[PDB]
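Keep in mind that the numbers below use all heavy atoms, side chains included, and drop hydrogens, waters and symmetry copies. Note on naming: letters A, B, ... go to the chains in the order of the sequence lines (proteins, then strands), and numbering restarts at 1 for each one. When a ligand or atom number is given, it counts from 1 through the structure's own listing order.
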Amino acid sequence: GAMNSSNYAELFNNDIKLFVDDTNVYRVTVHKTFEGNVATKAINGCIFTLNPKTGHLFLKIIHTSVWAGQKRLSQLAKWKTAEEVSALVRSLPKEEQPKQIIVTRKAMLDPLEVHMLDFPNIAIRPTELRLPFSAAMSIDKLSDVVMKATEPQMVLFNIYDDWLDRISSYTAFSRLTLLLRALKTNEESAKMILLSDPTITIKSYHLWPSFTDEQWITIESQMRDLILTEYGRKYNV
Amino acid sequence: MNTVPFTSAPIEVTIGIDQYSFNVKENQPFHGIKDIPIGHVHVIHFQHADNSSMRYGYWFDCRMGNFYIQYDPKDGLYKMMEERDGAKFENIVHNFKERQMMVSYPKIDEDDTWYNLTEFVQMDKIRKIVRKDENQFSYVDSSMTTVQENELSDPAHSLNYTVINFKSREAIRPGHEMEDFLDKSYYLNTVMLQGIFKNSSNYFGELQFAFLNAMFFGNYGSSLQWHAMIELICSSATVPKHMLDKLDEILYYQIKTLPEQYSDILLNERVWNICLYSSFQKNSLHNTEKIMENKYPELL
Ligand SMILES: Cn1c(=O)oc2cc(N)ccc21
């Protein structure tokens, strides 16, 4: 069934599953034309497919060329997402293929289901959670690889860096959603918090700074405060 | 004009023949129905005064033999049977008519309703959906499930409608996933019309039988099958023009004939709003759309 607050620990059991987020697949800038009319220009996008257990991000880069001469692009985006996710599952050895795929937006259910008809034993699920994965393009290194790509390209990243050497998947996923939730509600302040101390560096093969345990606590606390402040501002509470 | 005699009427029951029906009292001297128009299928159906549950009935065609009704006190229902002795049968019918104990199939001569509702329904096709080959007539009731219902238990009592499923391999060609799911024309025309039904008259005949089974017996899986077959056509960009025009007539008389007080369970909001207003064929059902708006604007 749908994934929600109650069945949340299921993400961390030993049944393989992937989240799929399609928000950044089809990305446009909106501008005015010479005659005054509005026009969109597409920029490169991506599919965010993540195993919340290991933290493996299969970052499928969606080159603007895929839209060339197509109509109803936002509808096509969902099918192209489903196509690429299906091709990823087919590429994986059987023991690695997911038992579940959880789509962050319900509009993806019918496209994936139709593309996965060859995998009757893979369950396609929606979710009631309001996950922050749209903020993935706020992570500098991910945004950079997408923006620079000149062709379709899959790029593999560990979104948890090396945290699993010291913490559990449950904790890791909660840190990740807290960081992304903050990046989503106020990117500038979030990024300020992460880089303020120039003595804390990001490993070349990592996405986030190499905080010690105690620094992560301070960071996690600073991100909570950010999120709560922005709520008051939004609603006047 | 043919006759279906009744041996007796030992229990109070409402008797239906096609779209007509008569109340019959316990041990009233009712002995059948005469002047049944030849050339169409027919259905004679029953609802006991004591059990408004289980509507049941028999599809038949009088050209296929002499049929009569007899109440069975063991199994507790009116059963259709076949008399093979032509002379013994003319004799019962003549004697009952002489005593004028038979109601008259009450057709107004201006009326083409029954024709319009059964245009494409053929007794040979019914017997393939309702498999019981020792009999030339076919039993249906309120509670019989379909083959597709059973897949998601007793197969001998099932309605073997053609299975339609929009998210199946049968419906979706590999490599045309998005195309075939948005525009079902290849499932309709290649898979179903050319492949399984062979022509549109068999397609339409199954659609019509499904509707009638939903209307007369409240058979829920028939109603599902009827909606499915409408939606497959409405969701095809490419449909023979002869089929759209006939579909418009077919659906018109179905909506026309449906009891007003049943529109709530027999009519699927999603399908009808999609067919009449969103589908490829939104503009191709003017008669069905006009009667739907003037009679059931609440549903829409
Ligand atoms: C071992 N590993 C890792 O740390 O990040 C990965 C990502 C992918 N997709 C596949 C494997 C890994």
Side-chain angles (χ1 to χ4, degrees), chain A residues 3 10-25 44-63 80-104 108 112 115-116 118-119 122-125 127 131-149 151-180 183 194 200-213 216 219:
Chain A
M3 217 261 290
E10 191 184 5
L11 295 173
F12 312 111
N13 70 6
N14 299 95
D15 276 10
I16 305 183
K17 49 178 71 65
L18 297 168
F19 278 116
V20 176
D21 182 77
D22 70 312
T23 303
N24 289 305
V25 164
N44 283 340
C46 63
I47 311 170
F48 181 101
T49 297
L50 166 77
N51 177 337
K53 185 95 189 110
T54 55
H56 298 168
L57 167 58
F58 292 101
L59 190 74
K60 180 47 191 241
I61 295 186
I62 300 296
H63 188 262
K80 172 63 172 177
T81 295
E83 190 184 323
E84 289 298 352
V85 160
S86 178
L88 177 63
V89 170
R90 291 173 214 282
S91 70
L92 287 169
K94 184 185 189 189
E95 59 272 29
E96 295 175 45
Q97 293 179 343
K99 287 134 243 181
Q100 294 173 33
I101 303 176
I102 304 170
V103 294
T104 59
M108 282 296 313
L112 208 48
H115 273 277
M116 301 286 297
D118 297 332
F119 300 96
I122 297 180
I124 313 294
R125 308 171 70 204
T127 179
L131 291 159
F133 298 151
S134 73
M137 285 303 93
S138 281
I139 303 181
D140 292 315
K141 291 198 196 181
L142 296 183
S143 178
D144 278 347
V145 67
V146 170
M147 272 59 163
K148 296 190 220 291
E151 36 185 337
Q153 180 181 0
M154 157 88 81
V155 185
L156 351 154
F157 293 90
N158 189 319
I159 205 178
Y160 290 167
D161 295 340
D162 63 343
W163 302 343
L164 297 213
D165 294 347
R166 312 188 51 80
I167 68 178
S168 69
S169 299
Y170 181 108
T171 306
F173 183 79
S174 292
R175 179 182 294 168
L176 169 75
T177 52
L178 169 62
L179 288 163
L180 291 178
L183 283 160
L194 287 167
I200 323 188
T201 59
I202 300 168
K203 294 288 150 299
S204 55
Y205 47 85
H206 279 183
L207 299 183
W208 320 93
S210 296
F211 291 115
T212 67
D213 282 8
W216 268 125
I219 295 288

>> Show the atoms of ligand 1 that are less than 4.0 angstrom away from any heavy atom in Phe58(A).
In response: 9 (N)
> Which heavy atom of the protein is the closest neighbour of atom 4 (O) of ligand 1, given with residue, atom name and distance?
Replying inline: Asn158(A) ND2, 3.2 Å
> Looking at atom 2 (N) of ligand 1, what's its closest protein heavy atom, distance included?
Replying inline: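 Checked against all protein heavy atoms, atom 2 (N) of ligand 1 sits closest to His56(A) NE2, 3.5 Å.
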>> Quick test of your reading of the model: are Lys203(A) and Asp161(A) salt-bridged, counting only N-O distances below 4.0 Å?
In response: no
> Can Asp118(A) and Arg90(A) be counted as an ion pair, charged N to O under 4.0 angstrom?
Replying inline: yes
> With under 30° as parallel and over 60° as perpendicular, where do the rings of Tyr160(A) and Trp163(A) fit, or are they tilted in between?
Replying inline: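 Rings of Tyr160(A) and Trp163(A): parallel, as their planes differ by under 30°.
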>> Students often mix this up, so state it plainly: with edges at 30° and 60°, are the rings of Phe19(A) and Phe173(A) parallel, tilted or perpendicular?
In response: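 Because their plane-to-plane angle is under 30°, the rings of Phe19(A) and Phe173(A) count as parallel.
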